[PDB]
$ cat my_file-v6.csv   # CSV, C-alpha atoms and all ligand atoms
chain,number,residue,atom,x,y,z
A,837,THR,CA,26.4,-2.8,28.0
A,838,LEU,CA,28.4,-5.3,26.0
A,839,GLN,CA,26.3,-4.5,22.9
A,840,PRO,CA,25.9,-0.7,22.5
A,841,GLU,CA,25.3,-0.7,18.7
A,842,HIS,CA,22.7,-3.5,18.9
A,843,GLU,CA,20.8,-1.6,21.6
A,844,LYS,CA,20.9,1.7,19.8
A,845,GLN,CA,19.6,0.3,16.5
A,846,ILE,CA,17.0,-1.8,18.3
A,847,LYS,CA,15.7,1.3,20.2
A,848,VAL,CA,15.7,3.2,16.8
A,849,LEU,CA,13.7,0.5,15.0
A,850,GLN,CA,11.3,0.2,18.0
A,851,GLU,CA,10.6,4.0,18.0
A,852,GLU,CA,10.2,4.0,14.2
A,853,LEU,CA,7.9,1.1,14.6
A,854,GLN,CA,5.6,2.7,17.2
A,855,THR,CA,5.6,6.0,15.3
A,856,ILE,CA,3.5,4.6,12.5
A,857,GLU,CA,0.0,5.8,11.9
A,858,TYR,CA,-2.7,3.3,10.9
A,859,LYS,CA,-5.7,4.7,9.0
A,860,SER,CA,-9.0,3.1,10.0
A,861,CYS,CA,-11.2,1.3,7.4
A,862,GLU,CA,-14.6,-0.4,7.6
A,863,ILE,CA,-13.3,-2.9,5.1
A,864,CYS,CA,-9.8,-3.8,6.3
A,865,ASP,CA,-10.0,-3.6,10.1
A,866,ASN,CA,-11.5,-7.1,10.1
A,867,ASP,CA,-9.1,-9.1,7.9
A,868,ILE,CA,-6.1,-7.2,6.5
A,869,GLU,CA,-3.2,-8.9,8.4
A,870,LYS,CA,-4.2,-12.4,7.1
A,871,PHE,CA,-4.2,-10.7,3.6
A,872,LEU,CA,-0.7,-9.5,4.3
A,873,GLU,CA,0.8,-12.8,5.5
A,874,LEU,CA,-1.0,-14.7,2.7
A,875,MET,CA,0.3,-12.2,0.2
A,876,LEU,CA,3.9,-12.6,1.4
A,877,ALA,CA,3.3,-16.4,1.2
A,878,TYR,CA,2.1,-16.0,-2.4
A,879,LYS,CA,5.2,-13.9,-3.2
A,880,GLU,CA,7.5,-16.5,-1.6
A,881,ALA,CA,5.7,-19.3,-3.5
A,882,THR,CA,6.4,-17.4,-6.8
A,883,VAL,CA,10.0,-16.9,-5.9
A,884,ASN,CA,10.6,-20.6,-5.2
A,885,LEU,CA,8.6,-21.3,-8.4
A,886,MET,CA,11.0,-19.3,-10.4
A,887,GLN,CA,13.9,-20.9,-8.6
A,888,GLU,CA,12.7,-24.3,-9.7
A,889,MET,CA,11.8,-23.1,-13.2
A,890,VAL,CA,15.2,-21.7,-14.0
A,891,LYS,CA,16.6,-25.2,-13.5
A,892,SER,CA,14.9,-26.8,-16.6
A,893,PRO,CA,16.0,-25.3,-19.9
A,894,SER,CA,12.3,-25.4,-20.8
A,895,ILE,CA,12.2,-21.9,-19.2
A,896,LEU,CA,13.7,-20.6,-22.5
A,897,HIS,CA,10.5,-21.6,-24.2
A,898,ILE,CA,8.6,-19.7,-21.5
A,899,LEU,CA,10.7,-16.6,-21.7
A,900,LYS,CA,11.3,-16.5,-25.4
A,901,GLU,CA,12.4,-13.3,-27.0
A,902,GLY,CA,9.6,-10.7,-26.8
A,903,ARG,CA,7.9,-12.0,-23.6
A,904,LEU,CA,5.8,-9.6,-21.6
A,905,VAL,CA,6.6,-9.9,-17.9
A,906,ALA,CA,6.2,-8.0,-14.7
A,907,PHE,CA,9.3,-7.9,-12.5
A,908,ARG,CA,10.4,-5.8,-9.5
A,909,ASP,CA,13.4,-3.5,-9.0
A,910,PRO,CA,15.5,-3.4,-5.8
A,911,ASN,CA,13.0,-0.9,-4.5
A,912,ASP,CA,10.1,-3.4,-4.6
A,913,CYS,CA,8.4,-1.5,-7.5
A,914,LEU,CA,6.4,-3.3,-10.2
A,915,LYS,CA,7.6,-2.9,-13.8
A,916,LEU,CA,6.5,-4.3,-17.1
A,917,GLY,CA,9.0,-5.3,-19.8
A,918,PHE,CA,10.0,-7.7,-22.6
A,919,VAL,CA,12.4,-10.6,-22.4
A,920,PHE,CA,15.5,-10.0,-24.5
A,921,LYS,CA,18.0,-12.5,-23.2
A,922,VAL,CA,18.2,-15.3,-20.6
A,923,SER,CA,21.2,-16.7,-18.7
A,924,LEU,CA,20.9,-20.1,-17.0
A,925,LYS,CA,24.4,-20.0,-15.5
A,926,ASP,CA,23.8,-16.7,-13.7
A,927,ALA,CA,20.0,-17.1,-13.4
A,928,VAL,CA,19.5,-13.5,-14.7
A,929,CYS,CA,17.3,-12.0,-17.5
A,930,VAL,CA,17.9,-9.0,-19.7
A,931,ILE,CA,14.6,-7.3,-19.7
A,932,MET,CA,13.7,-4.2,-21.8
A,933,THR,CA,11.6,-2.0,-19.6
A,934,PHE,CA,9.0,0.2,-21.1
A,935,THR,CA,7.3,1.3,-17.9
A,936,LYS,CA,8.3,3.5,-15.0
A,937,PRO,CA,8.4,2.0,-11.5
A,938,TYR,CA,4.8,1.8,-10.3
A,939,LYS,CA,4.3,4.1,-7.3
A,940,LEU,CA,1.3,5.4,-5.3
A,941,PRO,CA,0.2,9.1,-5.5
A,942,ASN,CA,2.0,9.4,-2.2
A,943,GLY,CA,5.3,8.4,-3.9
A,944,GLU,CA,6.1,5.3,-2.0
A,945,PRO,CA,6.4,2.0,-4.0
A,946,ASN,CA,3.3,-0.2,-4.3
A,947,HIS,CA,3.7,-3.4,-2.3
A,948,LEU,CA,0.6,-5.1,-3.7
A,949,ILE,CA,1.0,-8.3,-5.7
A,950,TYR,CA,-0.4,-8.2,-9.2
A,951,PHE,CA,-3.0,-11.0,-9.6
A,952,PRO,CA,-3.6,-12.0,-13.3
A,953,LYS,CA,-7.2,-12.5,-14.4
A,954,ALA,CA,-8.5,-10.1,-11.7
A,955,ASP,CA,-10.3,-7.2,-13.3
A,956,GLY,CA,-11.7,-5.9,-10.0
A,957,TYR,CA,-8.5,-6.1,-8.0
A,958,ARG,CA,-6.6,-4.5,-10.9
A,959,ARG,CA,-9.0,-1.6,-11.4
A,960,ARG,CA,-8.9,-1.0,-7.6
A,961,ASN,CA,-5.1,-1.2,-7.0
A,962,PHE,CA,-3.5,-1.0,-10.5
A,963,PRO,CA,-5.5,1.5,-12.6
A,964,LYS,CA,-2.7,2.2,-15.1
A,965,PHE,CA,1.0,2.1,-15.8
A,966,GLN,CA,3.1,5.0,-17.1
A,967,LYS,CA,5.1,4.5,-20.2
A,968,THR,CA,8.8,5.4,-20.4
A,969,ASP,CA,11.5,5.4,-23.0
A,970,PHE,CA,12.6,1.7,-23.1
A,971,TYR,CA,15.9,0.8,-21.5
A,972,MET,CA,17.8,-2.5,-21.1
A,973,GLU,CA,18.0,-3.7,-17.5
A,974,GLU,CA,19.3,-7.0,-16.0
A,975,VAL,CA,17.0,-8.6,-13.4
A,976,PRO,CA,17.2,-11.9,-11.4
A,977,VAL,CA,14.7,-14.5,-12.5
A,978,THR,CA,13.4,-14.7,-9.0
A,979,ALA,CA,12.1,-11.1,-9.3
A,980,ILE,CA,9.6,-12.0,-12.0
A,981,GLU,CA,6.0,-12.3,-10.6
A,982,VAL,CA,3.8,-12.5,-13.6
A,983,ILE,CA,4.3,-14.2,-17.0
A,984,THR,CA,1.7,-13.0,-19.5
A,985,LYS,CA,0.7,-15.0,-22.5
A,986,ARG,CA,1.1,-12.0,-24.9
A,987,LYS,CA,4.4,-11.9,-26.9
A,988,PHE,CA,6.1,-9.2,-29.0
A,989,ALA,CA,6.7,-10.7,-32.5
A,990,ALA,CA,9.2,-8.2,-34.0
A,991,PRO,CA,12.8,-8.9,-33.0
A,992,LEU,CA,13.9,-6.5,-30.2
A,993,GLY,CA,17.3,-6.2,-32.0
A,994,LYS,CA,15.8,-3.8,-34.5
A,995,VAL,CA,14.1,-1.9,-31.7
A,996,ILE,CA,17.4,-1.4,-30.0
A,997,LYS,CA,18.8,0.0,-33.3
A,998,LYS,CA,15.8,2.4,-33.1
A,999,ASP,CA,14.5,1.5,-36.6
A,1000,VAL,CA,11.3,3.4,-37.3
A,1001,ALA,CA,9.6,0.3,-38.7
A,1002,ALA,CA,10.3,-1.5,-35.4
A,1003,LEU,CA,9.6,1.4,-33.2
A,1004,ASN,CA,6.2,1.9,-34.7
A,1005,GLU,CA,5.2,-1.7,-33.9
A,1006,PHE,CA,6.8,-1.4,-30.5
A,1007,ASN,CA,5.1,1.8,-29.5
A,1008,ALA,CA,1.8,0.6,-31.0
A,1009,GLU,CA,1.9,-2.7,-29.0
A,1010,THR,CA,3.0,-0.9,-25.8
A,1011,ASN,CA,0.3,1.7,-26.0
A,1012,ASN,CA,-2.1,-1.2,-26.7
A,1013,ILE,CA,-1.0,-3.0,-23.5
A,1014,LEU,CA,-1.2,0.2,-21.4
A,1015,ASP,CA,-4.5,1.6,-22.7
A,1016,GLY,CA,-6.4,-1.5,-21.8
A,1017,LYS,CA,-4.8,-4.4,-19.8
A,1018,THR,CA,-6.3,-7.6,-18.7
A,1019,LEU,CA,-3.1,-9.6,-18.0
A,1020,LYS,CA,-3.6,-13.4,-18.0
A,1021,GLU,CA,-0.8,-15.6,-16.6
A,1022,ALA,CA,-0.5,-19.0,-18.3
A,1023,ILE,CA,2.4,-21.4,-17.8
A,1024,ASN,CA,2.8,-24.8,-19.5
A,1025,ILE,CA,4.4,-26.5,-16.6
A,1026,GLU,CA,3.2,-29.9,-17.8
A,1027,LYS,CA,6.2,-30.1,-20.0
A,1028,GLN,CA,8.6,-31.0,-17.2
A,1029,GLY,CA,9.1,-30.8,-13.5
A,1030,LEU,CA,7.4,-32.4,-10.5
A,1031,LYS,CA,7.7,-29.9,-7.7
A,1032,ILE,CA,6.6,-27.1,-10.0
A,1033,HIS,CA,3.0,-28.5,-10.1
A,1034,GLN,CA,3.0,-28.7,-6.3
A,1035,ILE,CA,4.1,-25.1,-6.0
A,1036,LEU,CA,1.5,-24.1,-8.5
A,1037,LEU,CA,-1.3,-25.9,-6.6
A,1038,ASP,CA,-0.2,-24.4,-3.2
A,1039,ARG,CA,0.0,-20.9,-4.6
A,1040,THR,CA,-3.4,-21.2,-6.2
A,1041,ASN,CA,-4.7,-22.4,-2.9
A,1042,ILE,CA,-3.2,-19.3,-1.2
A,1043,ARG,CA,-4.9,-17.2,-3.8
A,1044,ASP,CA,-8.2,-18.9,-3.4
A,1045,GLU,CA,-8.0,-18.2,0.3
A,1046,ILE,CA,-6.7,-14.6,0.0
A,1047,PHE,CA,-9.6,-13.6,-2.4
A,1048,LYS,CA,-12.0,-14.9,0.2
A,1049,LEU,CA,-11.1,-12.1,2.6
A,1050,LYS,CA,-12.9,-8.7,2.8
A,1051,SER,CA,-9.9,-6.4,2.4
A,1052,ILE,CA,-9.5,-7.8,-1.2
A,1053,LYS,CA,-12.6,-5.8,-2.3
A,1054,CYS,CA,-11.3,-2.6,-0.7
A,1055,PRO,CA,-10.8,0.3,-3.2
A,1056,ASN,CA,-7.9,1.9,-1.2
A,1057,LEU,CA,-6.2,-1.2,0.0
A,1058,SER,CA,-3.1,-0.2,-2.0
A,1059,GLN,CA,-2.6,2.6,0.5
A,1060,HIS,CA,-3.8,0.8,3.6
A,1061,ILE,CA,-1.3,-2.0,3.2
A,1062,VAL,CA,1.6,0.4,3.5
A,1063,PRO,CA,1.7,0.9,7.3
A,1064,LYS,CA,1.2,-2.8,8.0
A,1065,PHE,CA,4.0,-3.6,5.5
A,1066,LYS,CA,6.5,-1.1,7.0
A,1067,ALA,CA,5.6,-2.4,10.5
A,1068,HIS,CA,6.2,-6.0,9.2
A,1069,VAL,CA,9.7,-5.2,7.8
A,1070,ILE,CA,10.7,-3.2,11.0
A,1071,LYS,CA,9.3,-6.0,13.2
A,1072,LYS,CA,11.4,-8.7,11.4
A,1073,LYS,CA,14.5,-6.6,11.5
A,1074,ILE,CA,14.0,-6.1,15.2
A,1075,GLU,CA,13.5,-9.8,16.0
A,1076,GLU,CA,16.7,-10.4,14.0
A,1077,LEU,CA,18.8,-7.8,15.7
A,1078,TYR,CA,17.7,-9.2,19.1
A,1079,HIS,CA,19.5,-12.5,18.2
A,1080,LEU,CA,16.0,-14.0,18.9
A,1081,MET,CA,14.5,-17.1,17.2
A,1082,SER,CA,17.8,-18.9,17.5
B,1101,ZN,ZN,-9.5,-0.2,3.1
$ encode --input "my_file-v6.csv" --output "structure tokens"
Amino acid sequence: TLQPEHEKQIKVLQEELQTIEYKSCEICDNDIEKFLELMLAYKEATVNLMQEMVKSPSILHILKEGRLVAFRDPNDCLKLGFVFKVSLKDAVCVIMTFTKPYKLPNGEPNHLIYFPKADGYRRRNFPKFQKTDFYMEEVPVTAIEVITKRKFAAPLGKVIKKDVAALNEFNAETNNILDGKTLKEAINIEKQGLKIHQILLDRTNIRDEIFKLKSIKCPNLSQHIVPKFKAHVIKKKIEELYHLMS
């Protein structure tokens, strides 16, 4: 064949694709795929949203120093941190992370999207985050998925210097957030932008439709979405390697 490598890798991805076990559920077997595609649509909508938000300097007033946000590391893990610095030219943010990468009891990264103002969904998929010694990490603005309303007053500068007075308030606030968390995302997009509102409306529609499903009420959806997710990734990779879809 004129394409040995392509064939090899394709065969591999196919095998790995069909070697996936799907656990049965009387609450997901009906509408879980739609939940998946709609979820990915939500994620994409958020990405584009952040892409359009970083354009207007108003974003600095949204991600002011000490802004609690939920981003994702290269491994698609959800982390909570504070906004320390923002760069418009590079579209990157210096976030101080106080939480380890959220992972299932299995060990694999959680692929579920965190929906603000969703007590049930939270309690079912995101029971609690584990605290970790804070460390500065740069992350692209596009990675941010949730922008909470809560903000850390004390300057992070003193926290970096490890001043006891600052570390007390930092630890207290952090433990406050982790003990009981009812994150609520509120963004004042009315300030500027036109496409922003459209993206917001569309995303809210996607959410209204996704919460209408039955898999959304599932207790163990966080573990049931894994196989479908992996199968999705592998599938897309296969279609690509096949030079298919033009
Ligand atoms: Zn289920």
$ closest_residue --input "my_file-v6.csv" --among "A:1077, A:876, A:982, A:863" --to "residue A:916" --atoms "only C-alpha atoms"
A:982
$ residues_near_point --input "my_file-v6.csv" --point "(8.7, -17.8, -12.0)" --cutoff "10 Å" --atoms "all atoms listed in the file" --output "list in words"
residues 881, 882, 883, 884, 885, 886, 887, 888, 889, 890, 895, 898, 899, 907, 977, 978, 979, 980, 981, 982, 983, 1023 and 1032 of chain A
$ atom_distance --input "my_file-v6.csv" --atom1 "atom CA of residue A:917" --atom2 "atom CA of residue A:903"
7.8 Å
$ closest_atom_pairs --input "my_file-v6.csv" --of "chain A" --to "ligand ZN 1101 (chain B)" --cutoff "7 Å" --atoms "all atoms listed in the file" --output "JSON lines"
{"residue": "A:861", "atom": "CA", "partner": "B:ZN1101", "partner_atom": "ZN", "distance": 4.9}
{"residue": "A:862", "atom": "CA", "partner": "B:ZN1101", "partner_atom": "ZN", "distance": 6.8}
{"residue": "A:863", "atom": "CA", "partner": "B:ZN1101", "partner_atom": "ZN", "distance": 5.1}
{"residue": "A:864", "atom": "CA", "partner": "B:ZN1101", "partner_atom": "ZN", "distance": 4.8}
{"residue": "A:1051", "atom": "CA", "partner": "B:ZN1101", "partner_atom": "ZN", "distance": 6.3}
{"residue": "A:1054", "atom": "CA", "partner": "B:ZN1101", "partner_atom": "ZN", "distance": 4.8}
{"residue": "A:1055", "atom": "CA", "partner": "B:ZN1101", "partner_atom": "ZN", "distance": 6.5}
{"residue": "A:1056", "atom": "CA", "partner": "B:ZN1101", "partner_atom": "ZN", "distance": 5.0}
{"residue": "A:1057", "atom": "CA", "partner": "B:ZN1101", "partner_atom": "ZN", "distance": 4.6}
{"residue": "A:1060", "atom": "CA", "partner": "B:ZN1101", "partner_atom": "ZN", "distance": 5.8}
$ write_last_selection --input "my_file-v6.csv" --atoms "C-alpha atoms" --output "mmCIF file, in the frame of the given file"
data_model
loop_
_atom_site.group_PDB
_atom_site.id
_atom_site.type_symbol
_atom_site.label_atom_id
_atom_site.label_comp_id
_atom_site.auth_asym_id
_atom_site.auth_seq_id
_atom_site.Cartn_x
_atom_site.Cartn_y
_atom_site.Cartn_z
ATOM 1 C CA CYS A 861 -11.200 1.300 7.400
ATOM 2 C CA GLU A 862 -14.600 -0.400 7.600
ATOM 3 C CA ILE A 863 -13.300 -2.900 5.100
ATOM 4 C CA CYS A 864 -9.800 -3.800 6.300
ATOM 5 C CA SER A 1051 -9.900 -6.400 2.400
ATOM 6 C CA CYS A 1054 -11.300 -2.600 -0.700
ATOM 7 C CA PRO A 1055 -10.800 0.300 -3.200
ATOM 8 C CA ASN A 1056 -7.900 1.900 -1.200
ATOM 9 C CA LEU A 1057 -6.200 -1.200 0.000
ATOM 10 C CA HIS A 1060 -3.800 0.800 3.600
#
$ residues_around --input "my_file-v6.csv" --residues "stretch 868-872 of chain A" --least-positions-apart "2" --cutoff "8 Å" --atoms "all atoms listed in the file" --output "VMD selection string"
chain A and resid 864 to 866 874 to 876 1046 1049 to 1052 1061 1064 to 1065
$ residues_around --input "my_file-v6.csv" --residues "residue A:956" --least-positions-apart "3" --cutoff "12 Å" --atoms "all atoms listed in the file" --output "CSV table (one decimal) with C-alpha atoms, keeping the file's coordinate frame"
chain,number,residue,atom,x,y,z
A,950,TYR,CA,-0.4,-8.2,-9.2
A,951,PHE,CA,-3.0,-11.0,-9.6
A,952,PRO,CA,-3.6,-12.0,-13.3
A,953,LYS,CA,-7.2,-12.5,-14.4
A,959,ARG,CA,-9.0,-1.6,-11.4
A,960,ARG,CA,-8.9,-1.0,-7.6
A,961,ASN,CA,-5.1,-1.2,-7.0
A,962,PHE,CA,-3.5,-1.0,-10.5
A,963,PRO,CA,-5.5,1.5,-12.6
A,1018,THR,CA,-6.3,-7.6,-18.7
A,1047,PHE,CA,-9.6,-13.6,-2.4
A,1052,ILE,CA,-9.5,-7.8,-1.2
A,1053,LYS,CA,-12.6,-5.8,-2.3
A,1054,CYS,CA,-11.3,-2.6,-0.7
A,1055,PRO,CA,-10.8,0.3,-3.2
$ atom_distance --input "my_file-v6.csv" --atom1 "atom CA of residue A:1039" --atom2 "atom CA of residue A:878"
5.8 Å
$ atom_distance --input "my_file-v6.csv" --atom1 "atom CA of residue A:1062" --atom2 "atom CA of residue A:947"
7.2 Å
$ closest_residue --input "my_file-v6.csv" --among "A:880, A:1045, A:969, A:955" --to "residue A:932" --atoms "all atoms listed in the file"
A:969
$ decode --input "my_file-v6.csv" --residues "stretch 980-995 of chain A" --atoms "N, CA, C and O atoms" --output "tab-separated table (two decimals), in the first residue's frame"
chain	number	residue	atom	x	y	z
A	980	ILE	N	-10.80	28.70	30.28
A	980	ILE	CA	-11.75	29.08	31.32
A	980	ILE	C	-13.17	28.69	30.93
A	980	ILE	O	-13.64	29.02	29.84
A	981	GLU	N	-13.86	27.98	31.83
A	981	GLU	CA	-15.22	27.53	31.57
A	981	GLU	C	-16.25	28.22	32.46
A	981	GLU	O	-17.38	28.46	32.04
A	982	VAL	N	-15.85	28.55	33.68
A	982	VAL	CA	-16.75	29.18	34.63
A	982	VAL	C	-16.13	30.40	35.30
A	982	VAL	O	-15.00	30.34	35.79
A	983	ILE	N	-16.87	31.51	35.31
A	983	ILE	CA	-16.42	32.72	35.98
A	983	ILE	C	-17.36	33.07	37.13
A	983	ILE	O	-18.40	33.70	36.93
A	984	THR	N	-16.98	32.66	38.33
A	984	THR	CA	-17.80	32.89	39.52
A	984	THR	C	-17.88	34.37	39.86
A	984	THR	O	-17.10	35.17	39.35
A	985	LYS	N	-18.83	34.73	40.72
A	985	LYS	CA	-19.01	36.11	41.13
A	985	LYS	C	-18.11	36.46	42.32
A	985	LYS	O	-17.72	37.61	42.50
A	986	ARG	N	-17.79	35.45	43.12
A	986	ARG	CA	-16.94	35.64	44.29
A	986	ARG	C	-15.54	36.12	43.90
A	986	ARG	O	-15.01	35.72	42.86
A	987	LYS	N	-14.95	36.97	44.73
A	987	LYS	CA	-13.62	37.50	44.46
A	987	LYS	C	-12.80	37.61	45.74
A	987	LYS	O	-13.32	37.94	46.80
A	988	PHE	N	-11.50	37.33	45.63
A	988	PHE	CA	-10.60	37.41	46.77
A	988	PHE	C	-10.06	38.82	46.94
A	988	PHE	O	-9.35	39.34	46.08
A	989	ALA	N	-10.42	39.45	48.06
A	989	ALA	CA	-10.06	40.85	48.31
A	989	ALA	C	-8.56	41.06	48.44
A	989	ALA	O	-7.95	41.79	47.65
A	990	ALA	N	-7.96	40.43	49.44
A	990	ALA	CA	-6.53	40.60	49.72
A	990	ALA	C	-5.67	40.40	48.48
A	990	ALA	O	-5.87	39.45	47.72
A	991	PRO	N	-4.70	41.31	48.26
A	991	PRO	CA	-3.78	41.22	47.13
A	991	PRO	C	-3.01	39.90	47.13
A	991	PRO	O	-2.47	39.51	48.17
A	992	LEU	N	-2.97	39.23	45.98
A	992	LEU	CA	-2.28	37.95	45.87
A	992	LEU	C	-0.77	38.10	46.08
A	992	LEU	O	-0.09	37.14	46.42
A	993	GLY	N	-0.27	39.31	45.87
A	993	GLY	CA	1.15	39.59	46.04
A	993	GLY	C	1.66	39.18	47.41
A	993	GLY	O	2.71	38.55	47.52
A	994	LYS	N	0.91	39.54	48.45
A	994	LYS	CA	1.29	39.19	49.81
A	994	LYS	C	1.20	37.68	50.04
A	994	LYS	O	1.97	37.12	50.81
A	995	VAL	N	0.26	37.04	49.36
A	995	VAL	CA	0.09	35.60	49.46
A	995	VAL	C	1.29	34.87	48.86
A	995	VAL	O	1.73	33.85	49.37
